[PDB]
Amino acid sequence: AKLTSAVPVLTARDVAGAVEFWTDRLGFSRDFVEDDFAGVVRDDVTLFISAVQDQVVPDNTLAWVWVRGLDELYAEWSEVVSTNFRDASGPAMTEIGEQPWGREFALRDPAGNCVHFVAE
């Protein structure tokens, strides 16, 4: 057999709001959207979004995404996402950092999930 790809599942109390942010703001496309679950895609990456009732879940939900052209993606999103991450009143992203595992930045979405984007 061969395991070929994986799809992280972000969580949210407001599923429709999460889909709108990932698509209308970050440029992912809607693969499918149901009231309690959805799938969004950009290039070879699909992210699912699932409904939850306890905010503790997205508050502890993470995902990692590998990217060719990290600075370009950061530039695009910097136009529409705040870089004041310590202000958790809304979505925001960090600056690019050089972590042991790679050059990356992270973005906290409106639901609270933290998705890290790392340069290939």
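When you see a residue number, it is the position in the sequence shown, counting from 1.
Engineer: If you average the CA temperature factors over each stretch, which comes out higher, 66-74 or 41-49?
Structural biologist: Looking at the recorded C-alpha B-factors, 66-74 comes out higher on average.
Engineer: Going by the average Cα B-factor in the PDB entry, point out whether 77-85 or 31-39 comes out higher.
Structural biologist: Higher mean C-alpha B-factor in the PDB entry: 77-85.
Engineer: Quick one: which of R13, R103, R108, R25 shows the highest Cα temperature factor in the PDB entry?
Structural biologist: Of the options given, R25 has the highest CA B-factor in the PDB entry.
Engineer: Select lowest, middle or highest to describe the third in which the CA B-factor of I96 falls within its chain in this entry.
Structural biologist: Highest third, going by the recorded CA B-factors of the chain.
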